[PDB]
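Please note: Cβ atoms are built from the backbone with ideal geometry, for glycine as well, and neighbour counts cover all protein chains shown. Taken together, the values in this text are just the output of simple stated rules run on the coordinates, not laboratory data.
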Amino acid sequence: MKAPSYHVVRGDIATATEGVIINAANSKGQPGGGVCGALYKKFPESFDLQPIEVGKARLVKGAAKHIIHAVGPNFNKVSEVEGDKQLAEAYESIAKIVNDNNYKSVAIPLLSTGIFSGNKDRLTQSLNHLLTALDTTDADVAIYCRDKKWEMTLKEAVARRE
């Protein structure tokens, strides 16, 4: 059995100390803010600049960072049923890369819970797809968030498991 471990981190994912970082990208590969996003400013070298399909992911092995760019659904644009399918897909595409490269630890935010949320709280929905996919890996998973209320909810959800 593959067995992940999970813990929650409130802060900036650029500062993460895991083996690889996940960029929750748009289909242009950009983080939030475009070129103004912290990850881009810090590691432009780990950003190739090519299109990524929705629900797909692409690893870039930057010297200063290894970054998995993964495209969740934009709920402003896609139906609830289609977006759920794509969200599960996006996390699955991340887990696959984690396995094929045998990453030991990974830093991951909650896909589609910001600009792609459609102004709804998707914490639980996004977390649940994250756990299902990362349960197929052996990685130690740092789950990243910005908001202090979200942090407490993430810890609860994480402790309820098993």
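Starting from residues that are of a type in the set (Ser, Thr, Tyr) and out of contact with any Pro (no Cβ under 9 Å at 6 or more places or on another chain), keep the ones in segment 80-121 and report whichever is nearest to residue 132 (Cα to Cα).
By that ranking, first place goes to 91.
Quick one: how many residues across segment 45-60 are over 14 Å from the mean Cα position of the chain (by Cα) and either buried (at least 19 other Cβ atoms within 10 Å of the Cβ) or outside any loop (DSSP other than H, G, I, E, B) (or both)?
Residues that pass the stated criteria total 5.
Out of 99, 26, I need the residue that is closer than 20 Å to residue 114 by Cβ, out of contact with any helix residue (DSSP H, G or I) (no Cβ under 8 Å at 6 or more places or on another chain) and surrounded by fewer than 22 Cβ atoms within 10 Å (Cβ to Cβ). Which one?
26
Return yes when residue 115 is in contact (Cβ under 8 Å) with a residue 12 or more places away in the chain, touching a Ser or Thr at 6+ places or on another chain (Cβ under 6 Å) and either crowded, with 19+ Cβ neighbours inside 10 Å or of a type in the set (A, V, I, L, M) (or both) and no when it is not.
Details: in contact (Cβ under 8 Å) with a residue 12 or more places away in the chain: yes; touching a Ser or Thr at 6+ places or on another chain (Cβ under 6 Å): no; either crowded, with 19+ Cβ neighbours inside 10 Å or of a type in the set (A, V, I, L, M) (or both): yes.
For residue 115, the condition - in contact (Cβ under 8 Å) with a residue 12 or more places away in the chain, touching a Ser or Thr at 6+ places or on another chain (Cβ under 6 Å) and either crowded, with 19+ Cβ neighbours inside 10 Å or of a type in the set (A, V, I, L, M) (or both) - is not met.
Here are some residues: 64, 24, 38. Which one is in contact with a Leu (Cβ under 9 Å, 6 or more places away or on another chain) and aliphatic (A, V, I, L, M)?
24
Restricting to segment 40-77, name every residue that is of a type in the set (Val, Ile, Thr) and out of contact with any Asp or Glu (no Cβ under 9 Å at 6 or more places or on another chain).
Result: 52, 67, 68.
Restricting segment 78-124 to residues that are under 14 Å from residue 56 (Cα atoms), of a type in the set (S, T, N, Q) and part of a helix (DSSP H, G or I), which is nearest to the chain's Cα centre (by Cα)?
By that ranking, first place goes to 93.
I'd like the full set of residues that are touching a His at 6+ places or on another chain (Cβ under 9 Å), under 18 Å from residue 12 (Cα atoms) and either among the aliphatic types (A, V, I, L, M) or part of a loop (DSSP other than H, G, I, E, B) (or both), limited to segment 125-162.
141, 142, 143, listed by residue number.
So residue 63 fits all but one of (1) over 13 Å from residue 94 (Cβ atoms); (2) buried (at least 19 other Cβ atoms within 10 Å of the Cβ); what number is the exception?
Going through (1) over 13 Å from residue 94 (Cβ atoms); (2) buried (at least 19 other Cβ atoms within 10 Å of the Cβ) one by one, residue 63 breaks only (2).
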